[PDB]
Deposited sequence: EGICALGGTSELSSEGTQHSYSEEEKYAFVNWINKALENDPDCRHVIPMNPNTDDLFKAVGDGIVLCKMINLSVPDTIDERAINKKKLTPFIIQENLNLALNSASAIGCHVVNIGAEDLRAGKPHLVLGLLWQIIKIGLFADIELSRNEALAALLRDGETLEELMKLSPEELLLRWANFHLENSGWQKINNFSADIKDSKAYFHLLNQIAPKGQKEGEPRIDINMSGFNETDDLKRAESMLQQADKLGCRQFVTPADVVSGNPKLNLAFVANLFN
């Protein structure tokens, strides 16, 4: 199974459910161990995540938290599966038992589907003034994102990209992106954040991804990729990192 996805998903979930009063028994998880696989076994985390991607999908009142017997748990699990299928996940290949047993590929497969949904949703249910608009509307989340990236990419005089894997491996594009995407101080009350462009000339691709990521952190966006995932052009993890900068 992908250790890189496991790790990425742990740090995302730890951040997402940091202050949830119902997950204190399991959050923060250790990204280097297989506790992501055991943590999922009671259904609570999954249900919670579903509502983060699509609000009001599961009633909190319907999730069982206290005194979890085996039956209560499978109820939690089946509820997670039925609701996820309902928001668009392809989960026909999994039942409560597989989750209860923490099967890697299955757990990582379901988690991604829920995460992607919430990542892409914001790009969808958010724009209008932010943009024939009707035609741009008929544009998929991923293409709309490349359109959005390339926009900032040219406003900074850097060349455009055609993808988020092979094209982003050296961090030079991500650097100008962060640079253009950073707060400028003009709003209700969000202060400017200027990012350090040194690191851009790091020479070692891996040392530049670290520097780039160090800057993404200032924005609160150091998620989904590690220097290694940036340099290997991981498509899934690099797509999620970019969608999050939009989001």
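Undergrad: What portions of the deposited sequence, indexed from 1, have no corresponding C-alpha atom in the structure?
TA: Absent from the structure are positions 1-20, 152-159.
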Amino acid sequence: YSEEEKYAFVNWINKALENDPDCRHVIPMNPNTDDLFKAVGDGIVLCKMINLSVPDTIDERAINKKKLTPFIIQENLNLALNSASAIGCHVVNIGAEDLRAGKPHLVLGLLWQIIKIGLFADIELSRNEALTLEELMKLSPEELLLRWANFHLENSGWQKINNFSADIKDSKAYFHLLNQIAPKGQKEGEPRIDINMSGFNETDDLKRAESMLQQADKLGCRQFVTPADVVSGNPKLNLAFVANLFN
From here on, numbers count along this sequence of modelled residues.
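Undergrad: As stated in the PDB record, which stretch has the larger average Cα B-factor, 31-39 or 218-226?
TA: Comparing 31-39 with 218-226, the higher mean C-alpha B-factor belongs to 31-39.
Undergrad: Determine, for stretches 94-102 and 165-173, which one has the higher mean CA B-factor as deposited.
TA: Higher mean C-alpha B-factor: 94-102.
Undergrad: Between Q113, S126, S83, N76, which one tops the list for Cα B-factor in this entry?
TA: Top of the list by C-alpha B-factor: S126.
Undergrad: Between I117, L139, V107, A149, where does the Cα B-factor run highest in the record?
TA: Most elevated C-alpha B-factor of the set, per the entry: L139.
Undergrad: Compared with the other modelled residues in the chain, in which third is the CA B-factor of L68?
TA: Its C-alpha B-factor belongs to the highest third of this chain's values.
Undergrad: Sorting by Cα B-factor within the chain, modelled residues only, which third would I87 end up in: lowest, middle or highest?
TA: For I87, whose C-alpha B-factor we compare with every modelled residue in the chain, the answer is the lowest third.
Undergrad: Considering only modelled residues of the same chain, in which third does the CA B-factor of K207 rank: lowest, middle or highest?
TA: Middle third.
Undergrad: When the deposited Cα B-factors of this chain's modelled residues are ordered and cut into thirds, is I195 in the lowest, the middle or the highest one?
TA: It falls in the middle third of the chain.
Undergrad: Using the B-factors in the PDB entry, rank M49's C-alpha atom against the chain and give the third, lowest, middle or highest.
TA: As the PDB entry reports it, the C-alpha B-factor of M49 lands in the lowest third of its chain.
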